[PDB]
**Student:** 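Sharing a structure here in structure tokens format.
Just so you know, ligand 1 is whichever comes first in the structure, and atom 1 is the first atom listed for that ligand. Sequence lines set the chain letters: A, B, ... in the order given, protein chains first and strands last, and positions in each chain run from 1.
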Amino acid sequence: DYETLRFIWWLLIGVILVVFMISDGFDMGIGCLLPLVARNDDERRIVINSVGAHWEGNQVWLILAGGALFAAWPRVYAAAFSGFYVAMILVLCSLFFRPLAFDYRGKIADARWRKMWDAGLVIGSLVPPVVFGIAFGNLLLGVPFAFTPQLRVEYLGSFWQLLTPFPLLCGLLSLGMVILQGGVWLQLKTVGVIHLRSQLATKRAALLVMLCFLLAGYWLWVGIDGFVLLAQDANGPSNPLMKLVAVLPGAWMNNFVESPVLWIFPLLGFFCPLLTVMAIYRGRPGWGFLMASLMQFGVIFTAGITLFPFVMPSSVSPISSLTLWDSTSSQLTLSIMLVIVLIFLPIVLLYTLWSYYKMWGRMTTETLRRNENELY
Amino acid sequence: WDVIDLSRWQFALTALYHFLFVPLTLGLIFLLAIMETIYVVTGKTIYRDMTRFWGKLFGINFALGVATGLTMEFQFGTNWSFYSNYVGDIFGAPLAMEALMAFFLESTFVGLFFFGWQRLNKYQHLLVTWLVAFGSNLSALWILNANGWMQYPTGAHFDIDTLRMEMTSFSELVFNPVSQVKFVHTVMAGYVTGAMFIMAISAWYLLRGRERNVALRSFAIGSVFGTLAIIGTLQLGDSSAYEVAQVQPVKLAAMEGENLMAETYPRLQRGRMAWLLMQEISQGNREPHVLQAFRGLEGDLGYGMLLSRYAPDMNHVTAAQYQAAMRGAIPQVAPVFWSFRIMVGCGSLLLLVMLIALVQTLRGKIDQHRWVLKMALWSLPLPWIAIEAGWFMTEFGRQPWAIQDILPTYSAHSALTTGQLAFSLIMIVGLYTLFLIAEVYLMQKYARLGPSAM
Amino acid sequence: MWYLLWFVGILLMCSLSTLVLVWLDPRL
Ligand SMILES: CC(C)=CCC/C(C)=C/CC/C(C)=C/CC/C(C)=C/CC/C(C)=C/CC/C(C)=C\CC/C(C)=C/CC/C(C)=C/CC1=CC(=O)c2ccccc2C1=O
Ligand SMILES: CCCCCCCC/C=C/CCCCCCCC(=O)O[C@@H](COC(=O)CCCCCCCCCCCCCCC)COP(=O)([O-])OCC[N+](C)(C)C
Ligand code: HDD
Ligand code: HEB
Ligand code: HEB
């Protein structure tokens, strides 16, 4: 039925966001870490070549996030990407630099050219995680958008409105998340001084993630009005104006308070960073990568479940808040897209595992010398 | 400038920029597949070295292609939020399926192509190159399925409860005749582009008496592949012409050497009625006669939405407003006519070039006549010229429609200000200028250095 | 149906390019 399809597609959107974080987040974090853990040309190339073979396929997870939002939640895709217009332009512009940095950095034997492309990679690794965090924090604050009766969307805010302390904290937490992911990927993919510096950056990023996640939870609980869905037919048509919403203080905690089993997701988000650090200390970067992955899973699903059933609450028109029951595509579209996803995501996952398997190996100075002209 | 016009020009520029690099990817990757196949069959290392050199040029083009694609993916949401809402139930599906089937395949395995030369054995690397080729072409399939649906919306119905177009049959989307011919024609054009690329660079080598053996073989591969490609391009172009003749009277009028204007006035009338009924439906009316009238008039909601722009009072539409919308229903036929002509004429020039190159190839006299090499060298821009002409015809000839007879472009736009569009345009244009200069420079430098520098 | 035609045809184009180059390579 329609309701089950919509809830499965909510699950799928969250899964795609988590997989984006897991895969492309370590690319972004390693780009952020590049000036931290690489201090000469060889170290820089080792760091860049730790993700060169896979970063594009990983980024397809962000592209799929966008396309699955379009296909399954067209209202969310529309309202969010138009409402965060300047933020998205900034993300896109930073993202430009990554394919170009990766391919072109070694194409000119000029220190200035390599510096330009290293800086561009850092920009394209830094800006998107920060803006995504700011965007999700603004979701929790409520986004100043509204629907007309004909469901045309109106935005009443601006880019500067987003830059309030709670969304800034969320952006900082998202940055810490990608930096932790990239630090554990550098742990599994490099040796030597880069490995040491990425380890220390991993500890610092995990501490940042834990502090920011705790502060944001406290802030949500005590000083952010939540939204409550009073009445909405979950098998009904995707029309946000056919529902009843209330904005009560502390309401964002309702899902977890009512259902104590849902508390595991914030527990994963908060404690999986500590377990990632423990694994890194235990000499186990594979378990560390798993723990960092579960941190991404827990944090993102914590944000979703806090918002559930809302996906995009509206600070100026609460009835215009988007839910998983009213933001979706038709039943036919949800069904067929689910079938297609269930066929191909397993296949994509298997051949992505295959590619990572064939390419598994630590990028080192000797590896770089052996293949200097081939590598990025 | 109207912010809607800034958004139109932004999508214009960014799609055009993206498709400066896509056609080369589409054709060149199959050329690399052929080079690696020949290497596998014969064991001749020169074809492996050719794969690596031409693939280095491929990577240079591919990086900008990826970045420009990134701009395009989210532009639908950023600048066309109403478009996204109104048609996402159908249109977001081919984009998602592109991501799922094609983007994952090509992006995942392009890294194996460039960096798996050693970790993969000869057959696995050949398979990986073929998978990159098929992934990029399947991405063509799905994105062009979306674009074709924009040209010929099929298997969709308006839902009163969600105020949007909804899917009715997925198969009518997947086998949209327009999307089929669009896919095959565009990928044939990409094959032409890659073939002409390697032929022109090889001809430049042969004119300077350098890289002779690689240049000869690369010219031969390009000659055969691009002869087949340009022939298929022309045939599928005639197929595309036939399909748009069936479903798009405007593009049919363009090729005819330039009725519908007059026809649009009854459609405008029915559309005004449908728009009034749809405003009633949005207001929550469900009276039976209202819904029966709307079911009778829902095939013209697009023309009503078009009329909305030229008539602020939809209840009382003066004849002047009717005529403004009448004129605005038909785009300027001259850009479309001249686009079609460049595309077709450049195709004829390319066919002549490919046939002469193939004759010299089959005779084994590639380097015999210098004028053959000079013609091949000077023919390098022609595929891009014809391709941008074809896409200009495609995207200007459906104007004013974002979805033909469903969603006007002027109604598909987001709620943005000329300040935000100025920011996005300045940033995108400046960054793209820098990127294009750098990419043309690197491409020129490494093509000039040639395979011997590898 | 054009997708099947394209699949067969691209296989044929690549096969013919490969075969022609295998034949012609000694002459080159
Ligand atoms: C997850 C799922 C199933 C479905 C997704 C649902 C959803 C809203 C999807 C978003 C769709 C939209 C509007 C998308 C457009 C906007 C956008 C960002 C698009 C880009 C998409 C991408 C790629 C997003 C990547 C995600 C990234 C990189 C950052 C955002 C993730 C973050 C950091 C969210 C904030 C997490 C947070 C601070 C929770 C607070 C807290 C603390 C407790 O300590 C707690 C403790 C106890 C209880 C609660 C807390 C507690 O909330
Ligand atoms: C509307 C749509 C617009 C789009 C159009 C786009 C078309 C794109 C294609 C653009 C290329 C067009 C080139 C013109 C062809 C003639 C070349 C020539 O005259 O020789 C000149 C350059 O020749 C070289 O020296 C370069 C060596 C070969 C590299 C080829 C350039 C790669 C460009 C990659 C571009 C990136 C492609 C990927 C992204 C597009 C001079 O050479 P010379 O040795 O000094 O000769 C001296 C003797 N003489 C002076 C008397 C002659
Ligand atoms: C006929 C083919 C074709 C057409 C019309 C388009 N593209 Fe494209 N696109 C490609 C063919 C392609 C490709 C061949 O698959 C590219 C080019 C180089 C590359 O990396 O993949 C690509 C890359 C590419 C990427 C990066 C994906 C990745 O790296 O995995 C995105 C996000 C898009 N495209 C999106 C679009 C959108 C939203 C379009 C609509 C305007 C579009 N493309 C037009
Ligand atoms: C899938 C989907 C898609 C695709 C693929 C595409 C592809 C493309 N494209 Fe596009 N568009 C679109 C979707 C699209 N598209 C849209 C939606 C729009 C909006 C409407 C209008 O028309 O504007 C545009 C628009 C547009 C434009 C502008 C027009 C006007 O007038 O406005 C241009 C120029 C272009 C080009 C182009 C190109 C060249 C290409 C090749 C790449 N475009
Ligand atoms: C290689 C290059 C080239 C060439 C040669 C050509 C050649 C040609 N062509 Fe082309 N196109 C192109 C490239 C091209 N092309 C493009 C790119 C485009 C865009 C995409 C599509 O398909 O649309 C077109 C498009 C197109 C079209 C439309 C489609 C739609 O609208 O959708 C048509 C109709 C045509 C026709 C044609 C012809 C007839 C010819 C001759 C025979 N076209």
**Student:** Using a strict cut-off of 4.0 Å, indicate which atoms of ligand 5 neighbour a heavy atom of B:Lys251.
**Tutor:**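 Those atoms are 31 (O).
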**Student:** Using the ring of each side chain (for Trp, its six-membered ring), is B:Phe392 parallel, tilted or perpendicular to B:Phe396, with breaks at 30° and 60°?
**Tutor:**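 Taking B:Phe396 first and then B:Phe392, their aromatic rings sit tilted (interplane angle of 30° to 60°).
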**Student:** Would you please indicate if the ring centroids of B:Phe109 and A:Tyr351 are separated by under 6.0 Å?
**Tutor:**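 Yes, they do, as the ring centres are separated by less than 6.0 Å.
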**Student:** Check ligand 3 against B:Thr186 and write out every atom of the ligand that is under 4.0 Å from a heavy-atom position of the residue.
**Tutor:**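 Close to B:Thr186: 1 (C).
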**Student:** Under 4.0 Å from any heavy atom of B:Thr233, which atoms of ligand 5 are there?
**Tutor:**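 Per the distance check, 1 (C), 3 (C), 4 (C), 5 (C), 6 (C).
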**Student:** Taking N or O atoms only and a 3.5 Å limit, does B:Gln248 qualify as a polar contact for ligand 5?
**Tutor:**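 Among all N and O atoms of B:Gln248, none is under 3.5 Å from an N or O of ligand 5.
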**Student:** Looking only at protein heavy atoms, identify the closest one to atom 13 (C) of ligand 2 and say how far it is in Å.
**Tutor:**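 The protein heavy atom lying closest is B:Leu380 CD2, 4.5 Å.
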**Student:** Is the ring centre of B:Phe62 less than 6.0 Å from the ring centre of B:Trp54?
**Tutor:**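 Between B:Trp54 and B:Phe62, which both carry aromatic rings, the centre distance is not below 6.0 Å.
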**Student:** Can you confirm whether some protein heavy atom lies under 4.0 Å from atom 7 (C) of ligand 2, or whether none does?
**Tutor:**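 Yes, there is a protein heavy atom closer to it than 4.0 Å.
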**Student:** Say whether B:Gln151, considering both its backbone and side-chain N or O atoms, lies within less than 3.5 Å of an N or O atom on ligand 5.
**Tutor:**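 B:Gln151 vs ligand 5: no N/O contact under 3.5 Å.
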**Student:** Give the single entry among B:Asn137, A:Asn58, A:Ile63, B:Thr25 that approaches atom 27 (C) of ligand 3 most closely by any heavy atom.
**Tutor:**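 Closest candidate by heavy-atom distance is A:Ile63.
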**Student:** Mind checking whether B:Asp238 has an N or O less than 3.5 Å away from an N or O of ligand 5?
**Tutor:**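 Among all N and O atoms of B:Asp238, none is under 3.5 Å from an N or O of ligand 5.
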**Student:** Judging by distance only, is a nitrogen or oxygen of B:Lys182 under 3.5 angstrom from one on ligand 5?
**Tutor:**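 In this structure, B:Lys182 places an N or O atom under 3.5 Å from an N or O of ligand 5.
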**Student:** Do the ring planes of C:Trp6 and B:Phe183 sit parallel (below 30°), tilted (30 to 60°) or perpendicular (above 60°)?
**Tutor:**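 It falls in the perpendicular class, over 60°.
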**Student:** Should B:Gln444 be counted as touching ligand 2, given the test is an N or O pair under 3.5 Å?
**Tutor:**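 Looking only at distances, the answer is no, because the N/O contact criterion of under 3.5 Å is not met.
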**Student:** Minimum distance, heavy atoms only, to atom 37 (C) of ligand 2: which one of B:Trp384, B:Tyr446, B:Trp378 is it?
**Tutor:**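 Ranked by closest heavy atom to atom 37 (C) of ligand 2, first place is B:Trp384.
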**Student:** Quick check: does B:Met343 put an N/O/S atom under 2.8 Å from atom 10 (Fe) of ligand 5?
**Tutor:**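 Checking atom 10 (Fe) of ligand 5 against B:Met343, an N, O or S atom does fall under 2.8 Å.
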**Student:** Closer than 4.0 Å to some heavy atom of A:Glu56 - which atoms of ligand 3 meet that?
**Tutor:**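 So the atoms of ligand 3 that pass are 29 (O).
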**Student:** How far is atom 29 (C) of ligand 2 from its nearest protein heavy atom, and which residue and atom is that?
**Tutor:**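 For this ligand atom, the closest protein heavy atom is B:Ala447 CB, 3.8 Å.
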**Student:** Going by a strict under-4.0 Å cutoff (protein heavy atoms only), does atom 3 (C) of ligand 2 have a neighbour on the protein?
**Tutor:**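 It does not: no protein heavy atom is found less than 4.0 Å away from atom 3 (C) of ligand 2.
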**Student:** For the ring-ring contact (aromatic ring centres under 6.0 Å, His included) test, which of B:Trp80, B:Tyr83, B:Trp149, B:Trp142 pairs with B:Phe91?
**Tutor:**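 It is B:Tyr83, the one option of B:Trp80, B:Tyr83, B:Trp149, B:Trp142 that forms the ring-ring contact (aromatic ring centres under 6.0 Å, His included) with B:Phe91.
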**Student:** Answer yes if a protein heavy atom lies under 4.0 Å from atom 11 (C) of ligand 2, otherwise answer no.
**Tutor:**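 Under 4.0 Å from atom 11 (C) of ligand 2, at least one protein heavy atom found.
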**Student:** Kindly indicate whether atom 52 (C) of ligand 2 is approached by any protein heavy atom to under 4.0 angstrom.
**Tutor:**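 No.
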**Student:** Assert yes or no for the condition that the ring centre distance of B:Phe134 to C:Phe7 is strictly below 6.0 Å.
**Tutor:**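 Between C:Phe7 and B:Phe134, which both carry aromatic rings, the centre distance is below 6.0 Å.
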**Student:** Are B:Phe104 and A:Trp61, when compared by the centres of their aromatic rings, separated by less than 6.0 Å?
**Tutor:**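 For B:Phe104 and A:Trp61, the ring centres are under 6.0 Å apart.
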**Student:** Out of B:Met72, B:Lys182, B:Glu106, B:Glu395, who is nearest to atom 36 (C) of ligand 3 when you count heavy atoms only?
**Tutor:**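 Selected option, by shortest heavy-atom distance: B:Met72.
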**Student:** Which of the atoms of ligand 3 are close to B:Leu26, meaning less than 4.0 Å from one of its heavy atoms?
**Tutor:**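 What qualifies from ligand 3 is 1 (C), 2 (C), 14 (C).
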**Student:** Closest by any non-hydrogen atom to atom 22 (C) of ligand 3: pick that one out of B:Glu98, B:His18, A:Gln59.
**Tutor:**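 Comparing heavy atoms across B:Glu98, B:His18, A:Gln59, the nearest one to atom 22 (C) of ligand 3 lies in B:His18.
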**Student:** In Å and rounded to the nearest 0.5 Å, what is the CG to CG distance from B:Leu70 to A:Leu62?
**Tutor:**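 Between B:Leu70 CG and A:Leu62 CG, I get 7.5 Å after rounding to 0.5 Å.
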**Student:** With backbone taken as N, CA, C and O and side chain as the heavy atoms from C-beta onward, which portion of B:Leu234 lies under 4.0 Å from ligand 5: side chain, backbone, both, or neither?
**Tutor:**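 Near ligand 5, B:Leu234 shows its backbone as well as its side chain.
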**Student:** Does A:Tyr77 have its ring centroid less than 6.0 Å away from the ring centroid of B:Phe74?
**Tutor:**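 Distance test on ring centres: not under 6.0 Å, no.
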**Student:** Mark up the atoms of ligand 3 that fall under 4.0 Å of a heavy atom belonging to A:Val60, in ascending order.
**Tutor:**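 Result: 30 (O).
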**Student:** What do you reckon, does B:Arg208 have a nitrogen or oxygen under 3.5 Å from a nitrogen or oxygen of ligand 2?
**Tutor:**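 For ligand 2, there is an N or O atom that lies under 3.5 Å from one belonging to B:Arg208.
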**Student:** Specify side chain, backbone, both or neither for B:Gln235, according to which of its non-hydrogen atoms lie closer than 4.0 Å to ligand 5.
**Tutor:**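 No part of B:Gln235 is near ligand 5 at this cut-off.
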**Student:** For atom 32 (C) of ligand 3, which candidate among A:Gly57, B:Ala140, B:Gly69 holds the nearest heavy atom?
**Tutor:**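 Residue with the shortest heavy-atom distance to the ligand atom: B:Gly69.
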**Student:** Atoms of ligand 3 less than 4.0 Å from B:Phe76 heavy atoms?
**Tutor:**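 Near B:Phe76, the atoms of ligand 3 are 38 (C).
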**Student:** Name the closest protein heavy atom to atom 20 (C) of ligand 5, giving the residue it belongs to and the distance to 0.1 Å.
**Tutor:**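 Looking only at protein heavy atoms, the one closest to atom 20 (C) of ligand 5 is B:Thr186 OG1, 3.1 Å.
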**Student:** Which atoms of ligand 3 have any heavy atom of B:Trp391 under 4.0 Å away?
**Tutor:**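 In order of numbering, the contacting atoms are 5 (C).
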**Student:** Side chain, backbone, both or neither: which part of B:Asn147 comes within less than 4.0 Å of ligand 3 when only heavy atoms are counted?
**Tutor:**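 No part of B:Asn147 comes within reach of ligand 3.
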